Every structure is written in C-alpha cells, then in structure tokens.
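Protein chains in written order, with PDB author numbering: chain V, 301 to 522; chain W, 301 to 522; chain P, 301 to 522; chain c, 301 to 522; chain Q, 301 to 522; chain U, 301 to 522; chain X, 301 to 522; chain T, 301 to 522; chain Y, 301 to 522.
Ideal Cβ positions, reconstructed from N, Cα and C, are used throughout, including at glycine.
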Amino acid sequence: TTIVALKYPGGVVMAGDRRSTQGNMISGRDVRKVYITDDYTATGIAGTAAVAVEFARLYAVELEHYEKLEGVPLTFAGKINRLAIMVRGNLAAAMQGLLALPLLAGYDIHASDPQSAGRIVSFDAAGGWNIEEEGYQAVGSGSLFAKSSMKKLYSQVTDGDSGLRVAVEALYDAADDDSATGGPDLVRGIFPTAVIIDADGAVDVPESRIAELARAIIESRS
Amino acid sequence: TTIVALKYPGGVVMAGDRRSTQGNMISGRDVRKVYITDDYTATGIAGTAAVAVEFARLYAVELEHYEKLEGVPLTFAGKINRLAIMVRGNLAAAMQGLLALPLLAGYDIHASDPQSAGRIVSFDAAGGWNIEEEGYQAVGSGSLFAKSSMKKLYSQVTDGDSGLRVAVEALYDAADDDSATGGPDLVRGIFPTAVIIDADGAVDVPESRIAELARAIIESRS
Amino acid sequence: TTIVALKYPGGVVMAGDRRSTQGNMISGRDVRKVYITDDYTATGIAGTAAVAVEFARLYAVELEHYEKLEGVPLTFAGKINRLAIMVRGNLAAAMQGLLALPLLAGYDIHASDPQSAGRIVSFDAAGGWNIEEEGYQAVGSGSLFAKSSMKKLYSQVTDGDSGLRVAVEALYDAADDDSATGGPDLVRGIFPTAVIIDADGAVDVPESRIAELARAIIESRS
Amino acid sequence: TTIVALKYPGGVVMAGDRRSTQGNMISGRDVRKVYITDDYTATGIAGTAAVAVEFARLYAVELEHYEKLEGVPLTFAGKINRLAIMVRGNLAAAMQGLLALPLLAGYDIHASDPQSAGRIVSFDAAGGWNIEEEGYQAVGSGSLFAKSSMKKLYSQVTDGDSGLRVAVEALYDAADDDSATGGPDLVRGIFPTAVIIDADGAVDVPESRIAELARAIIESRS
Amino acid sequence: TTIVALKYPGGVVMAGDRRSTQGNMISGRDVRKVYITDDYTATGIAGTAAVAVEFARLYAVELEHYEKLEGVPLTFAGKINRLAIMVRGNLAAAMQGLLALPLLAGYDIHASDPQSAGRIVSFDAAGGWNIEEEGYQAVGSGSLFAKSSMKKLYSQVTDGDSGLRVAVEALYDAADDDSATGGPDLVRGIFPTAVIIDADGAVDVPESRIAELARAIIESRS
Amino acid sequence: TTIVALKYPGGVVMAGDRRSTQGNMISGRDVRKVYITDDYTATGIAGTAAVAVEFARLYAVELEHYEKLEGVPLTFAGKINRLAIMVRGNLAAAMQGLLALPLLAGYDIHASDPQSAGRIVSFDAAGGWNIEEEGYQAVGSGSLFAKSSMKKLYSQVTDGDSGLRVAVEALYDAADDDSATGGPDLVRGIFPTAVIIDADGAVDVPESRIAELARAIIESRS
Amino acid sequence: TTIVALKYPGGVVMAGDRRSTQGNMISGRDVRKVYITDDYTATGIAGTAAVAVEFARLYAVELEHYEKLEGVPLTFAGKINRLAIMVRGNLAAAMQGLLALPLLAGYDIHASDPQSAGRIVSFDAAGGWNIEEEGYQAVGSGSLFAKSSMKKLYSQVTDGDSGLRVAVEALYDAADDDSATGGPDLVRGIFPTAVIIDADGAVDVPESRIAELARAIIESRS
Amino acid sequence: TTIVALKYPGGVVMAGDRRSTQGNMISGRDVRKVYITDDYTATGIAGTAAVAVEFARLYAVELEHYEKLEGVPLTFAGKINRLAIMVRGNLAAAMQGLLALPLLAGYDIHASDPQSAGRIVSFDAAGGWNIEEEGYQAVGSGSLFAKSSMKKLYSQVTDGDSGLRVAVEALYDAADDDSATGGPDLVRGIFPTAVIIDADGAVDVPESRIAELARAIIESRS
Amino acid sequence: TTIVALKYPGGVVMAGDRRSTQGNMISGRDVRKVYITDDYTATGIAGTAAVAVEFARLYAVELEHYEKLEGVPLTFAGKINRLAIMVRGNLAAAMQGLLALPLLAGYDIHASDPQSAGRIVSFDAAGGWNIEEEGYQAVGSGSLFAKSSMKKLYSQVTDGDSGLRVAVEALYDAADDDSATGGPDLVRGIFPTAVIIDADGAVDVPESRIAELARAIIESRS
C-alpha cells in the first residue's frame, strides 16, 4: 500500500493505490484508501485494511459529532490532535499487529493566506504528528520510493492538474519498486483513487482523469 | 516465482517468470529460472535465487561429468536420482531458509513411443520425486494458481504452440493471483522464458513468440 | 471445508460441502454450512464447526431482533457491519484456534437495478469486510482451488441454473484438490448444500437438482 | 496412507492405497507403496513418501547384495533382522520427521507346512518386530480402521481371491474413515495396488481384478 | 473408557464400560458411566471420572429445574443446547486436564414417526454438537474400535435385543483393543451397564440379560 | 536530539537542534524541541518526539491551570517538583521505549540577586532532579559532546550574545560528533531554535541572529 | 554507507561516501569504500567496515594470484563467481553482524561492443549475483534513496562526466535522506570517492573534480 | 554514595559524600545526602538518588504531620517504626532497581542519661532495623571501607570535633577505596556534608570546618 | 581507563592513566598502560587489564620475532596488520568478556616528510583499523571526554612540550567526567605515564615533567 499527498498552489491532493495483499497473495484489487473525512480534510490510512477502514469511519464520526454538538467545526489543530489521540490509543494493538499509519491532507479556511492554506500532516506510530513543510508526504510500504520520486518531480507542480499528475507518477514508481502496491491496471481498468481539496472543498477525482494521466505516464515510460 | 511445465503430444514445454523479490520489494525483473540442463532435459528451480542458480549449475556439471567419464549419457531415471540426491542433501540448509524446489522436464530418448516421450518430474521438500501422469506441473509461490489454471486449460493442448500458449497463460494466472510472480511486463518488454523439448532436443523459445502469446492473452482478458 | 458464492444475473447462489474432520479423521459427513440468515441473505462460515454454528445462530438472532424492535430490517450495510463486529470480537479466541471465517451472500432490495442486486461480501481474520466486484468468492481450506475454478468457469454463468452448476463444479474441484473438503458422496447420496437468493427471497436448493448437477459433472470428467 | 497384509491358506497378500498428501493438500494420486522386495518377499512402507521409497530401494539392494555375495538368499529371520536394523537406524531422522513404518509380507519356502508358509511382520518405531499370528496387519494413518474391519472380515478368507477382496475392502474402510487414505477413484480409474505371494513367488495383481473387486464392494455398500 | 449408543427401530440403546484407570493402574472396576438424565434421555460422559459425574449431575439438575419451573419439559433441541453450553464452558478447565466428552441418547416424543424417534448426539471438544444420522456412535478412548465394530455389526440390529447385543459386542471389541476399557469380568461378575430408551421411557437394562449376552459373545469368540 | 542550556549574568539561554530520525533515517528537519512553558521558564525534552510534545503541552497546561486556580504562579521549586512527578509517572512507559528526558531552564523571579537568578534543572530517568551549579547542561544523544564543548567555551560567556554563541557552538559540536543531532542547514536555511530568559521574560531568538552565529562558527571552523 | 555504480556510453563509474558510524556516533569521516580491484574492475563493499576492507584485500589478492599463476587474467564471469563464493562463505559470519555487501563494476575487455562493455554486478545476502541491465545499482543503508534518485537522473547520463555528476547527486540524495551516509563536507573538504573504468582502465577520480561537482549540486539545491 | 554516622559522648554526627554517578560516569558533584528530618533527628539515604530525596521528603512530612496533629512529637521508637514501614513498602521498587537504604541518627531526649542519648539505627532491605551499639554505622557503596576505618579510629572519638574528624576520615577512606564515593574536592571546594545532633538539636556543620578537617586529613596522608 | 595519543610537528605522544577498577572498587593505582612496543612504535590497550598486558607482550614479541628472522623490521602497514589480526582473533573472548581495544602511535621513518611521520592508528571492535588524520585519538571508557577535550585544545599543540601538556589535560578531563579513569594523585604522587616518539626514537617521559604539567593544570583549573 502507498498513499501520497502533496500541496499545490491553492490546495492539496491525496492519492492512493488499490491493492490489498495477505502476505504475497492478492486479496483485493479495488480497495479505496483515501476518504473525505470532512468538507476540507481527507485522510488516508496505511497498514491493516480493517483498521484503516475502522479509523477512517470513527475519525469522521468524531469530527461530525463535534461539529453538530458545538455548531462549529474543529480547527485544523483540533482535528490533528484527535487523530493523534486515536493513533496513540491504537498503540497496544499495533504492537499486537493491528497497525495503522494515517496521513492527513487539509485546507485551512482560517488561514490568512488562501494560496498557502494546504496542509499535510504525517503521524508516526507513537502518536506524534508533524506538519509537512516540504509540500509532500507518503505512507505505506512503498512510501520511500514515492517520496523519492516526488522529491524529483515536485518542481513541476504548479496547479491541481500537475499536482495530480505528479501524485499518480509517484504511485506508479512506488508500485514499480514495491510489490505490495498496485500499479495502474489497464486490463481491468482499475486506477488509483484521488481527492483534491481546494477553497471550494474536498472532491473525489473522477476515474477518467486519473485513467488518462496513468495512460500518459505509462506511454512515457515505454 | 512460478515455473510451469506441461506435456504436449510429441514433447514437453517449460516456462518460468522473471521476478525476484526480497520481502515485498522487487529486486529483479529479468531473472532466468529455466535452464537447459542437457540436450533433452530442462530444469527449473523455485525458491532462493542464489541456491536456484547454484543447483542448476551443479546439476548440469554433474550430468556432463558422468557423460564424459562413462562415454554414455545417464538414463532418465539416473538423472532423476541425481537431482533427488541433491535435494535430499540440501534439506539441512533449506531448514535455515536456503530452500530450493526443482521441477524437471525431459524427453526420454529410450522410450518406445516418441509421441509419449515427454516426462515431468516433481520433487517434494524431503527429496521424494514423482513422475507426473496428469501432464502438467508447477513449482513456486504461484504454483497452485498456475496448476488450477492448467487443469482447466489442458484440454486445449495439442501441439507445441498450444502447449506454449497454455503455459504462458498459466504463468499469467499465477502472476494475477500472486504478487511474487512477475506478469508480462509490456512497458519494458520482459516476458516469461520458455524451453521446448522434443525429439530434436531442448531449445529456448525466442522472446518474440512469447511476446505475441502474452499480448494475445492480455487482449483476450481486457 | 469450502463455501463458494457467486452472482448470476438476477441474484446470488451460495454452496457448501458437507465434510467435517478432526485432523485427518473424518468426523462428519452431512454437515450443513450454508445458513439462510434472513429472507434475503444467506451466510456460510468456515473453520471450527462449533464456532460456525454459534456465529450463524447469533447473527440470525441479531438481525431478527433488530427487525422486530424497529419494525424495519437492517440495510445491507448494517448487516455487514454487525457481521464484521462479530468477527472482530472473535479475533481473540480465533488466535486460540476457534477461528471462524464468514462469507455473506445477499440480495439488496434497496438497489436501483434488480438485475444486479446480488451482493457478495468476504471477511478477513481481523474483521475487515470487502464487497466483491468480480462476482464470486470462496472461503475454507479449498477456497483457492474453488476460486481458481470459478475464474475459468464464470463466463458460463447466465441464470440461476448456470450459477448453481458452476458453484457445484467449483466445490467439486476444491474437493478434488483438497482432502479436508468432501466431494459428492455417490454411494451415500450426500451432496453439497446450496441456497439461491433472488427477488423472491432465499430458498434452499432441493437435493434432487444438486444430485443431478453433481452426476453430470462426474460423468463429464470421467 | 494405509497398507494391509493378510494371510490366506497357501500364501499372503499385501495391498496399499495410492494417495499422498502435503498436510491437507492432495499431491499424489497414483503412488505405489507396495514393493516386491524379492521373489518371496513384499514390503510396504508407510510414513513420509521419500523415506518410504528410499527404504524400499535400500532394502531390495541389500537383499540382492547378500544373495549375490554369498550365493544363497537370506533366511526369513535374516531379512527381518536387516529391516529392523534399517528402522532402528532411522530413529534420529524419524525424530526429525523422516518417519518410516514398514510392513513385511513373505513366504517361507523353508517352512514346514506349505499351507502356512506365509508370514506377516510388523515393525514398531524403535525397531522391534513381531510375527503376526492373528493373520492380518496394517500400517499407516488409517491402519486402525483397516485392522478393525479385517477383524470382522477375516472369517471370509479361504483362498487368494477372498483374501484379495478382504484386503481391498479393508483399504476401502480405511479410506472411508480417514481422509489421508485414498479410496478407489472410479473417475480416474486408479485403484489400490496389491501383491500376492504364494509358493510360485510374488506377483503383482493386475489392475483389472482390483477394479472389479472395488466396484463390487462399492455396489455392495450402496 | 468407552460408551456406545445406537438407534434401533423404536428407540435407542446406550451402553458403557466399567473400568477407571489412573495411568496404567486400574483404580475402579465397577464405575457407572451411563446416566438416565430424564425419562426419555440418557447421557454418557467419557474422560475424567470426576468431571463426568459432576457433568451428569449438573445436567440432570438443570433439565429437571427447567421442567419444574416452566411446567413443560425442554424440547430435544433445548436439551442439546444446554449440554453443548455445558461442554463449551469447560474449555478452560479441560485445557488443564479436566476433559469431559458427553454422548447423548434420547427419544424425541414430539417426532412425527415414533419408530424413528431415537436420537444420538455427539459433542466435540470445542462444544459443537452433531445429531448422528448413521445410527450409532461412541465416545472414549476405545471409541474408534467400537465404532468400527458397530459399522460391521449394525446390519444385525433389528429390535431392542439385537441392538443391545451389538452394543455389548462393540464394547467387547473396544476392551479387546484398548487397555483403558474394561471387558466383561467373568471372575468378579462385572459387566457393562446399559440403558434402553423407547416410547415407554428410559430403563436400565438388568444385569442378568447383559451377563448372558456377554457370555454368548465370549463363547462365540472362543 | 540535543538540547543545551546555560546561565549567563542576568539570565539563561536554551537551544535545541531540529533533526528527528527513525533509526538512521532522517524523518524530520524542522522539529522544535524547546518550548516556552511560561513567562519565565522554558523546557526542552529529549527522547521520543511524540512524548516530548505531549509532555511539554501537559506541563504548560498544568502550570497555567495552577496559576489561574490560585491566582499566583508556582514557585520554581513547585514547578521542578511537578515536572519531576510527571517524569516519574512515565517510568513504566519509558521502559518499553517512550522515553522523555526534560531539561528545565528558568529565571527565578523570587531570587534575591537579579544577576544570578538563572536556574538550570536536569532530570534523571527515575524522576530525580538536580539544580545545575556549573552553569550549563545538556540532554539528548549528543549531550556528552555538547557538555564537553561547553566546558571549554563557558569562560567566554559574559552576556546574552556570548551565551547564545556558546550554545550554538555546543550544538554544532554535538552535531559534528553525533548523527542523530542535526547541524546548521545552510542549504535549507534551518538553524537551531533558541530561547532567552531574563528579567523581562522568555523570548524566542529570531532565526536571523542564530543564522548569523551559525555562519560565523562555520566560517571559523573552515 | 552508500556505494553507487552506473554505466555510461563507453564505461562505468563507481562512487562512494566517506562516513562511518558505530551506532549513532560518527567514528570516521574519510573512509574509502571503492577499491580498484584490478585494471578493469572496481569493487565496493557496504556494511561492516572491517569486513569490507578485508574482503577487498582478499578479492584483489585472489584475482592477482590467479593472473600470476595461470599467466592470463580471469574472465569477468570468473571474477563474479569468486566474489559470489566469498560472499557465500561469509554468510555465516554475516549472521553474526560481520556483514559485507559487495557491488562490482567492470569493463568487459572481451565484449563485442566496447560502447556497451561496462558491467554492474549486484550480490544478495545469500551469495547470488545479478548483472544489472537498468544501468545503475547501489548498495548500503542509503541504497534505496540513491537508486530512486538515479532512476530519475539516468536520462542525463551521456558521457563520463555526466555519469560522474549523477553518481555524486545520487550520493547527495542518499546522505540527504539517511544519517549513516555522509554528505559533502564543505567545511573539512571531504567529498565522495569515485573510480571511472573505460577502455583505458580503472582510474581514481581526482578530488578536485568531485569537489566542483558537489559544490555545483549544492548551489543547485540552495 | 557513602553515609557514616557515629555517636560521641553527648550526641551523634552524620556525614555524607557528594558524588552521584550514572554507571561509571560522574553526573553530580554536590549532592546533599544527609537531611535534618526534625530538630533531633537526621537521616541519610543511600542508593538511587531520586528515591533518596523522595524518601527524605516523605519521612519529614510524616513526622511533622504527626507532631502537628497530636501536639507532641513521636517517640524515637515510633520514628524508627515509621521509617521501617517506609522501607518495607518499597520492596517491590527495590527489586526492580529503586533501592533506598536509610540510616537514622537521633538524639533521644526522653533517654535517661544525657551523655548516651545518641542513637544510630541501621535498616536492611527487608525493612528490619537495628539500634547500633558499636557506636558507628555506614551505608552505601563505600560502607564497608568506612566501617573498617571507623573501627580503628573510634578510640579517638571523645567530643563533637573528634567525632566529626573521624567521620570525615572514614568518608575519605571510603572514597579512597570506592570510585563511586566522592572524596574532598580541593579544586572545586566541595566537601562532605555533616550534621551534628546534640541536646540543642540538629545543626548543619559549616563548610569551613569540614574543609579544614579534610585538608588536615589530606596533609596527614601525604 | 583512558589512553590518549596525539600528533605534533616532528612526532607523536601517547599517554595513559593509572587506575584499574573491578566494578566500583579501585584495585590498582599505578597501572602502566602505554608500552614502548619497539624503538618507533608505542601501543596502549584499554579494556581488561589482563588482556591488555597479554596483548602488549605478545605484540612486542611478534614484532621482534619478525625483525630477528628477516633481518629487517616490519613496515608500519605490516605492524598495523599484525595488530589488527590480533584484535580480530580476540573477538570470541571479547564477546565472552576479555575485551581489549588497542591504540597505536608510531613514527614512520620511511615517510616522505619527517615532520609528518607521526602516525596514530585506532582499531575498532571488529579488527578494522584507521590512520587518524584529525591528529588526536583516545581509547577507553573516558575516551569521549578526552577526545572532546583535545578537539578544543589541539590548536595549542606546536611541539612536544605543548603536545604532552595537551595529552595530560585531556586525561585530566576524562578523569573529571569518568570515575573509572584515574586523575593526578597529588597525595600518593602518581601521575599518568607518557611516551614520546620522534626521529631519535620512542622514550618514556620522566615522571617529574608529567608531575609539573599536572600541577600546573590543576592550579589553572582551581
């Protein structure tokens, strides 16, 4: 599994692959690992697929619950803190095996600068969180290959479209070097999922744009 | 990894994938796992790549050594016995993780019937060997998927070409269900290696024919 | 044990073998593993027979209790969630050897199109659930062989009869390749149990039709 | 695996199943576990298949080696002693999982009464041996079922044909209660192997006779 | 220990041996293992004697307590469920050596056909229960020998007396092949205990009839 | 990680590096390890980054909570005792790897002599504290190198500027001999973070001054 | 440690870093890890520094010993085999912490096409070897980052100087992501060592040229 | 650490060294290990410094708490009992490493004879205590050497000054033979701390007196 | 224990402390750890005292043995290699507990520049060696403090006198921060042992000069 997130001028984008394995045997081919937690934040969890789905559901429920109760959404720092609390509370079971590494992408409406309101927060297993300043991050088994690909490709990111292309290319490299990450499947037409968050909210990227980006990348590599 | 072998009327065919992993990280993309041990026998060893190559080299050296010393090549049962002795003598080292499981394909030149001279020999962990009468066999991590694919496809095998197509399709199925087996990689043009043994001897299949078959299979499943 | 489920145009079919063993010794020859949980959903649990029976009973009581209390049945997502909760609760005992793996087949009456209202859900050991998109799934010790048989036979599934025949054939292949799975008992007249769910509900397939299909398959492979 | 041996007036018969398994997975269907060691001695070794084959080969070589060197065959007690020496020497390997349980059927030509010259010798793990006076013996995973059915059917044994039928029925009962023993496979036409030893020597029973007896037994059970 | 049960036209019969051992030492010669739990059901518990007596005591008390509270006896499925829960609640104590395996014979008065109203229920270690359909069952250390004897003798079971004879003979075979099972003690005049359940109720068999049956069996085998 | 603290005439200065590693892999480059706990005390925690952030946050919350509840800030000894209690209460979690060792620098506003009111408190693993009398202290992996550098450089400390320069040079030496401590980053423009406490309170040192000092040190070392 | 090797039109280049750490402490700042083994081969060992040095010495002595004894140098395959045998022999001590991971760069003077005569050989822990066709390879703790950097910069490689620049940039990225690999020390004037092999042989690259390349890279990334 | 305590006619004196170590590394140079628990009682705790400080604080708080609640101080036997209870309540921590061995010096005001009112109480790990009648006692790493020094020097103890001199000389011997005990530091001017308890209460000894005593001892030993 | 070595223009100087401890107990106060191995090399071994003395004696014997046999002394590289072979051979004992880490100082009479002929060779635990280019190196338990003292004091080294003073001060700092290192004993008159090597050879530094230097350092730090 690999999830990548990167900031572009005016927003953030998070993309993830679709493969689920049980050891070496491929058990899932259309898994979705990027969830729109709320109108301005998307979360993507690597590790055990079961724990990933549970954490996404429970974190979204917590954010919605607070917003409904108090009539105002949490600040981005509050969302970060609640996610870190979930990660810390998962520590014993993570040592036991049920492990989850989240990655959070968000848009800060309360930020003074709309252009630089995109935020990427990474979490370590102990519950600590770090707000990325380099403009990109990855989690999962193929995270190092994806990060080293984005390091070289990040100078091309100038809008949402180029950012999405770079994210898809990072996932492609991660799958090219790591067998637990699924590449773009042209036989089945299964492609990485992506979420773009800007000042207008968090919207799922339709499969058509991702499909044509992946096809262009595969043609370039050939 | 996966190596398949199957008998067709008039000979035997043996195909192998190209991927080698270290964990879930892909480390080799064009590993050759099928070796022409002698003019009428090919061997294919699954497991640790180092031990696989070492075993193939030692086995070929031993067979050629006997042929030079005694002036007559070993009978097929003699070759099977030598390979089984190697596998039995590697048991202790395989208990530490340097495991190797061979699969032997041959053309018995002393068999009365030329049309049923193909032989497939499978070796289990402890050094036992069985001459397969069902006509197909597979070794490796994707061996079960390849075997179950060949079980359904074996009624289409009538000559060398259809046998090769079925072997390539079995490798495709093994790669489809198992991440440690490499599928037909159209981006780099790396395709499974194959060897066909008939009355004329054992000859490597040119990469163009296997590429054509793999492309036809991919198109059919698209 | 092996339990297969597959979608056909207009519904779903779930079939299961009849053998239960204590190690290598056959201890039961007419075990029923496929339960009709409610009028539109059936479940099949592999693993320890005690835990399978207990889980089926508890799950059916849970669904019935909700339907009576609220006057309206649970949505398919609610049923999936309750089953996943049960599996996750079992995990602690499953590590001890009371492992139960369910497979859920259902007919979603709230779907837009009744021609594709069949649903198949697989569960992992940790509790994660996956709604199958390939149209077939299997659990049990012979699940790999059954799935590799259905992969090749699924192009023939057109109606309930085709789906039932393909399911019985997949169970036959699973029993043929796995000793813990029992094939059709021609001397005793014991055959796999199947359930067909369509718009009119979930109905047990009479043993006469399954006997006819099993005899046809055996005569085909002789 | 099950091998049975029983005495009839004027000789002995030894029969064996054909299945070999890898845990729960059926890996061999036409294995031969009964060997004609020499002109008046058959041996059948249960346990690990590789070790069984190696032990049969070694024992036959040792007997023929003594016969050629000393110009006279070993006495029956000498043969029993050599087999017991092999079993006692295999003790460490059996502790390492390379276990072998032999069963020896012979015809003592030097014995006084030619109508009671048959001899069945069972070997325990430690290398002890016992000449069976009950007139029947079994080794293997299903040996208890075979012995308990032979106890009830041994009153029907009067000649070679009745003895062969009783041996095949005992193997059938072993396969009925034990999943690691293969029953008569009427689909593939694979039947238990048998060797009949009498005053004229040891001959393999042709497959047609065993097929007829197996079909009769199956129809009687239906 | 060995306890057998078998259905006959119009009821069920359940017999048990009398020997209790602490290791290889015979400590009890007249232990009673078959209990009349209520007027239409008997239970026989193998394993440790202390836990067996406690289990029978508790089960009888529980059934009687329900009958007195509610004014109607439990249905047969209810009795099976209570016994199964009693078995399942003993997993922790049985892992320390306090294993108790029950076998339940009963007469379903609420069944449609009174001739096929007998029920034999066998429980496995984890608490699973199976209603035997073959007509006989056994528990204990000699259970396999008794079952294999009953498989051959069950065609002679035509009424209550022949069923009782077949049960006693199965016990004799189990005692013959297993040293933990006690045979008929002609010196001390101790014989297996038996209970017959039919439409009129459950009655202990008098010791004289069992004595004469055992004497007939012994004089047959002499 | 490495945090240094040192007194100068009329105050105290505390500096920390910015690198966070996971093993030998650099994961963070702008970590801030020095926190202004309250108007006159700063704290800096070495060890695990998650625990460091959580400890600093909780300690600041505790000090503020007491100040608001009682209307008066804690005495310096009270703050030391609270931090020591918080360190002692983490002894269980520190053994399993969530270690956090703090260093507390403060300006004792109740001290009689303004020019000697800077206080440095070091803590040990068991929660014991020591008010440093040598005038400097360090915590973290490079603490030994930092202390042995401050030993030689402390004669040059005379005011805030010289104290800040000596702290930065000590951090430079720690990074020069330790790879878990990050030195000045003249490519990314990341420099150690410092806090200066004196009679007017605790203020973060602007990055420009630290950049000037680090460049001067680097040019002196070339 | 990180050693990179890459092929360029007309030869091969091999660069390595200079840092040596024991745990986290930097114990060496000018280590040399690329050795000119012979006139057309450079070797570079990652892992334990002592084992690396002694392996380089043993390999050079072995190659020169063969050349002196037999009057002709070893073929490239022979050199690969000797290195692989050395690694396999070390395997046992490598489990004890004395690991050595070699990387071999050579110019095949007997190759048909001298423009493609450069060879890169990688070795796994088990002693197997692979000739890299991707044109680059890396060993050491930072080998993943170096490889993922070269994957994106290999297009630039057109001559010896372009290849050398990419090699230094790959080492820079490895040191940027990994704390066990040393970046270019502009303060001490310590830079990665490099060896260039072409038709004229293997020559050490002068330190000044690598200094210029490293300074250009640092300016580029500032 | 080493703490000595000796009686002289008319009172008691207790002295302690100043070194605190972390293994072989000196972590503290002016630790105060002798505390005035109350007006006529001093205590010195050896072992872990954190536990020593916590124990002294708790013990003093408890004594003052009782004196305030009751208006009368505890008797000496009561104080001994409270200290022994505190020791015995720390056995679990002592077994994991938080050892704390106290040494009590007191002036029994309720004693009959004013000259012999000094009391020295030694405690063991289990909580047992002894009122020492030899007139001196020591705890800590250098306790044995200090004991053996006081054994020879106690004949010179006649008044308070001679007792102080003997205590300082015993500490000097303990530091001379034990490297974890800190001797008089003439360079930093740090000397052992001492408390003299007499009929006028417990008084901290001025550092100047101990400095001149230590200098005289050093001169006499030169 | 601490042995320092440093280069000055025209030679090298190696000094060592005198303390030997058995745990916390000081056993020896006048141990000599610097040995004139031969007229131009001195060696100092830290760790177990027995192993240090044995290594020094054995190494000197080896060097003189070679010189007597071949009529010419070993080159400096040969001496380094012999010492490294001894260190590597001592690895089993070092794991057992007989650790010996050597430090070698020498004068290379064959050097191009007599002023740069001073050589310092540090050996790691695995036997690998490194010629220090820093100009200073320390071995032992206080080696880090000594090295970080010389890092600051090395600019003052301009001749033999300044180098000897810096070595003595580094030993003083190591003893100041480490309790296993013996500082200057002004009472017993025991001072570190130093050896100075220049073109005329290696000569022990007289005790009086080292005493004067130590007294000056102590008075400066007072």
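Any beta carbon from chain Y within less than 8 Å of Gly406 of chain X's own beta carbon? The beta carbon of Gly406 of chain X sits no closer than 8 Å to any beta carbon of chain Y.
Short of 9 Å Cβ to Cβ, which residues in the segment 458-485 of chain U face chain T? Of all residues in the segment 458-485 of chain U, none has a C-beta nearer than 9 Å to a C-beta of chain T.
Is the Cβ of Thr301 of chain U closer than 8 Å to any Cβ of chain X? With a threshold of 8 Å between beta carbons, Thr301 of chain U makes no contact with chain X.
In chain c, what lies closer than 9 Å to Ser449 of chain Q by C-beta? Going along chain c in sequence order, the residues near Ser449 of chain Q (Cβ under 9 Å) are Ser448, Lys451 and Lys452.
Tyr340 of chain P, DSSP secondary structure in three states: Coil.
Below 8 Å, how does it come out for the segment 357-377 of chain T and the segment 392-401 of chain T: are there three or more Cβ pairs, yes or no? No: the two stretches stay apart, fewer than three of their Cβ pairs being nearer than 8 Å.
If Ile518 of chain T sits next to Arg318 of chain T, beta carbons under 8 Å apart, how far is it from one beta carbon to the other, in whole angstroms? At roughly 16 Å, the Cβ-Cβ gap does not stay under 8 Å, so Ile518 of chain T and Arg318 of chain T are not in contact.
Chain P contact residues for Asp330 of chain V, given Cβ-Cβ distances below 7 Å: Neighbours of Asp330 of chain V across chain P, judged by C-beta separation under 7 Å: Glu433.
Note down the Cα distance separating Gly418 of chain Y from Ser320 of chain Y, rounded to an integer number of angstroms. Approximately 29 Å between the Cα atoms of the pair.
Please report the Cβ distance between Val457 of chain Y and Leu306 of chain Y, rounded to the nearest whole angstrom; I am assuming they are in contact, meaning their Cβ atoms lie under 8 Å. Approximately 6 Å separates the beta-carbon atoms of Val457 of chain Y and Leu306 of chain Y; this is inside 8 Å, confirming the contact.
Meets three-Cβ-pair contact criterion under 8 Å: the segment 506-514 of chain X and the segment 443-460 of chain T: Contact between the segment 506-514 of chain X and the segment 443-460 of chain T is absent, because fewer than three Cβ pairs lie under 8 Å.
So for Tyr335 of chain V, helix, strand or coil by DSSP? Note: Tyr335 of chain V maps to strand in three-state DSSP.
For the 8 Å Cβ check, are there 3 or more pairs between the segment 438-446 of chain T and the segment 472-481 of chain T? Contact between the segment 438-446 of chain T and the segment 472-481 of chain T is present, because at least three Cβ pairs lie under 8 Å.
Using a cut-off of 8 Å between C-beta atoms, extract the partners of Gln322 of chain W located in chain X. Near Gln322 of chain W (Cβ distances below 8 Å), the residues of chain X are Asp424.
Could you tell me which chain V residues have their CB closer than 7 Å to the CB of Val312 of chain U, listed as they occur along the chain? Within 7 Å Cβ-Cβ: nothing; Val312 of chain U doesn't reach chain V, min ~27 Å.
Which chain X residues sit within Cβ distance under 7 Å of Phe355 of chain V? What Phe355 of chain V touches in chain X: nothing, since even the nearest Cβ is about 28 Å away.
Does the distance from the C-beta atom of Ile409 of chain T to that of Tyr454 of chain T stay below 8 Å? Not a contact, by the Cβ cut-off of 8 Å.
When the Cα atoms are used, what is the spatial distance from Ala426 of chain c to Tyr436 of chain c? Computed Cα separation, rounded: 21 Å.
By the 10 Å Cβ neighbour count, where 16 or more other Cβ atoms means buried, how is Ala352 of chain X classified, buried or exposed? A buried status is given to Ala352 of chain X, since no fewer than 16 other beta-carbon atoms sit within 10 Å of its beta-carbon.
For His365 of chain U and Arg388 of chain Q, what's the separation of their Cα atoms in angstroms? Looking at the two C-alpha atoms, the distance is approximately 54 Å.
Expressed to the nearest angstrom, what Euclidean distance is found between the alpha-carbon atoms of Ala393 of chain Q and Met386 of chain Q? Approximately 12 Å between the Cα atoms of the pair.
Assigned secondary structure, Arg388 of chain V (DSSP; H/G/I helix, E/B strand, else coil): Secondary structure at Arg388 of chain V: helix, using DSSP grouped into helix, strand and coil.
One question on the structure: do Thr302 of chain c and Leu471 of chain c come within less than 8 Å of each other, judged by their Cβ atoms? Pairing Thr302 of chain c with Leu471 of chain c gives a Cβ-Cβ distance under 8 Å.
Which whole-angstrom value describes the C-beta separation of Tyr407 of chain c and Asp477 of chain c, a residue pair presumed to lie in contact below a C-beta threshold of 8 Å? Rounded, the Cβ-Cβ distance is 31 Å, inconsistent with contact.
Do you know offhand how far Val503 of chain c's Cα is from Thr337 of chain W's? Computed Cα separation, rounded: 38 Å.
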